[PDB]
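Read through the structure below, which is laid out as structure tokens, and then see the notes.
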Amino acid sequence: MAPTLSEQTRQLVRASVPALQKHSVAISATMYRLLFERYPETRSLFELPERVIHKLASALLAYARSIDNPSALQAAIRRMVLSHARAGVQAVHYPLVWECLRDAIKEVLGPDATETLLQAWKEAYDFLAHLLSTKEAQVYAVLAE
Amino acid sequence: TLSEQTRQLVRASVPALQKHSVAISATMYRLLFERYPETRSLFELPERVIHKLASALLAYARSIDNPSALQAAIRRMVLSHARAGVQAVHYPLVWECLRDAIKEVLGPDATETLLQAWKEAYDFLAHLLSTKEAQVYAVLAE
Ligand code: HEM
Ligand code: HEM
Ligand SMILES: [Cu+2]
Ligand SMILES: [Cu+2]
């Protein structure tokens, strides 16, 4: 549960909320298409890919709106954990989805996807990823026995 | 564990479930909708879940003699229940609706010894599900 959210990360993530209000669906859909074509093993995980795309778009927006208080997203984090565990999402998938999410941001935001903004979102992603993946491992261990 | 008599009756129910499980599951959802409106919050995709429960009833009866072939399906049920917020106190409510759906779909075949066998079979599965959901709930608190 180690990683953290620096002051600069929070400021830049907070500032992208206007772009996410307009483009989070484009970012989420583009992210999933890059994942579909770069890592075909993962397509077996998505029962309803269209529905998940709009859920992730909302989560990105909500997460950016609450980057100063991540604990206010406890219920939504719970949903993500149990959805992932239901589908068999694994710890090693998280680098792949970041790779596709980085390039989704680079594509949709065009010039506004500066390297500082991408580094802020990488840290915000790594925080959320480390929290989701560790709680999922715990849930897996409980259902094994 | 389940008595020999209720396992013979669950086995005898497989023909009814291969033809009517959808009707039983749909009627059971429609009854739950009208009798306990607080639960409608829990269902995001009611149509899809009706068909998933129908297939789970059929699979449960078809392997009533070793519920371990349902290990993957039980996992899915447990994680979907946790994700939706299903509680131990909900299981009596869905039994009353499943019993009345069996009564309605099986008609005269839904005698009281058949319904008693399904009460025992449901209670076994509900116990297995709800205890695993409590363990999952406890870890989400950490
Ligand atoms: C920080 C990283 C991630 C975030 C923020 C995120 C976000 C979400 C959200 C909000 C949902 C919908 C949950 C719901 O409300 O039902 C979801 C579901 C899903 N995600 Fe992700 N996710 C992440 C990582 C991943 C990874 C690494 C994979 C690997 C393939 C993945 C694949 C899936 C699948 C298959 C589902 C649907 C599972 C189900 O509904 O049963 N996600 N995710
Ligand atoms: C022995 C009892 C039960 C059985 C056999 C059963 C069966 C199932 C199955 C097969 C699913 C879908 C699994 C999947 O998503 O792949 C499901 C989900 C669900 N069940 Fe039940 N269930 C039981 C008890 C209950 C109870 C008591 C409630 C209380 C309202 C309930 C409400 C729900 C809801 C809301 C979902 C959807 C969860 C989601 O989609 O995230 N279930 N159940
Ligand atoms: Cu769409
Ligand atoms: Cu139907």
Side-chain angles (χ1 to χ4, degrees), chain A residues 3 5 13 20 23-40 42-67 70 73 75-102 104-105 108 121-122 124-134 136-137 139, chain B residues 20-30 42-55 57 72 75-85 101:
Chain A
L5 297 169
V13 163
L20 282 178
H23 303 312
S24 63
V25 170
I27 290 165
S28 156
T30 297
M31 193 229 77
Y32 172 74
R33 293 178 189 121
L34 298 180
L35 184 79
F36 191 107
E37 76 194 40
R38 292 177 194 185
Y39 306 100
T42 71
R43 330 160 169 178
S44 324
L45 304 172
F46 295 86
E47 277 194 350
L48 304 178
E50 158 70 27
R51 172 183 189 84
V52 172
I53 274 162
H54 278 255
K55 275 170 143 61
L56 180 93
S58 292
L60 290 177
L61 189 48
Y63 182 42
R65 290 206 207 260
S66 167
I67 195 59
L73 303 163
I77 289 155
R78 230 196 313 283
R79 266 197 326 273
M80 292 174 219
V81 162
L82 302 166
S83 299
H84 286 170
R86 179 170 61 188
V89 170
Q90 292 304 327
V92 282
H93 290 134
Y94 284 93
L96 324 177
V97 167
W98 162 245
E99 178 205 311
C100 304
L101 173 59
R102 193 221 311 121
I105 292 174
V108 170
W121 270 102
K122 184 177 195 300
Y125 178 91
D126 292 343
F127 174 86
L128 195 45
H130 190 92
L131 169 47
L132 291 184
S133 56
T134 47
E136 270 139 41
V139 162
Chain B
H20 308 310
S21 63
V22 169
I24 290 172
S25 158
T27 293
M28 181 250 254
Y29 172 79
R30 294 184 187 106
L42 306 166
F43 298 89
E44 267 168 36
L45 305 167
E47 261 146 30
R48 169 189 195 84
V49 177
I50 281 158
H51 282 273
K52 276 168 168 182
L53 170 68
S55 157
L57 289 181
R75 288 174 72 103
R76 268 192 324 266
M77 274 175 276
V78 162
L79 291 171
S80 304
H81 286 162
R83 182 203 168 280

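In each ligand, atom 1 is the first atom listed, and ligand 1 is the first ligand listed. Worth knowing before you read on, the calculation uses all heavy atoms, side chains too, and leaves out hydrogens, waters and symmetry mates. Lettering follows sequence order; numbering is per chain, from 1.
In terms of N/O distances under 3.5 Å, ligand 1 is not approached by A/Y94.
The atoms of ligand 1 that sit less than 4.0 Å from any heavy atom of A/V97 are 26 (C), 27 (C), 28 (C). Short contacts between ligand 1 and A/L128, defined as distances under 4.0 Å to a heavy atom of the residue, involve ligand atoms 5 (C). Using a 4.0 Å cut-off to heavy atoms of A/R79, the atoms of ligand 1 that qualify are 15 (O). Every atom of ligand 1 is numbered from 1 in the order shown, and the set under 4.0 Å from a heavy atom of A/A87 is 35 (C), 38 (C). Residue-ligand proximity, A/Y125 to ligand 1, at heavy-atom distances under 4.0 Å covers atoms 1 (C), 2 (C).
In terms of heavy atoms, A/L5 sits closest to A/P70 at CD1-CG, 3.7 Å.
Looking only at side-chain heavy atoms (C-beta outward), A/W98 and A/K122 come within less than 4.5 Å of each other. Side-chain atoms of A/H84 and A/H93, non-hydrogen and from C-beta on, never get closer than 4.5 Å to each other.
For the side-chain contact (heavy atoms from CB on, under 4.5 Å) with A/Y125, the lone residue among A/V97, A/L60, A/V13 that qualifies is A/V97.
Only side-chain heavy atoms of A/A59 come within less than 4.0 Å of ligand 1; its backbone N, CA, C and O stay farther off. At a 4.0 Å heavy-atom cut-off, ligand 1 touches A/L45 through backbone and side chain alike.
The option with the heavy atom closest to atom 43 (N) of ligand 1, from among A/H84, A/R51, A/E136, is A/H84.
Salt-bridge formation is detected for the pair B/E44/A/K55: a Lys NZ or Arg NE/NH1/NH2 atom is positioned less than 4.0 Å from an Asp or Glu carboxylate oxygen.
Ligand 1 lies less than 4.0 angstrom from a heavy atom belonging to B/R83.
Distances from the Cu ion (ligand 3) to each N, O or S atom of A/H54 single out NE2 as the nearest. Closest to the Cu ion (ligand 3) among the N, O or S atoms of A/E50 is OE2.
Between B/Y29 atom OH and B/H51 atom NE2 the span is 13.0 Å, to the nearest 0.5 Å.
The closest donor-acceptor contact from the side chain of A/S133 to the backbone of A/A129 lies under 3.5 Å. Side-chain atoms of B/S25 come within 3.5 Å of backbone N or O of B/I50 as a donor-acceptor pair.
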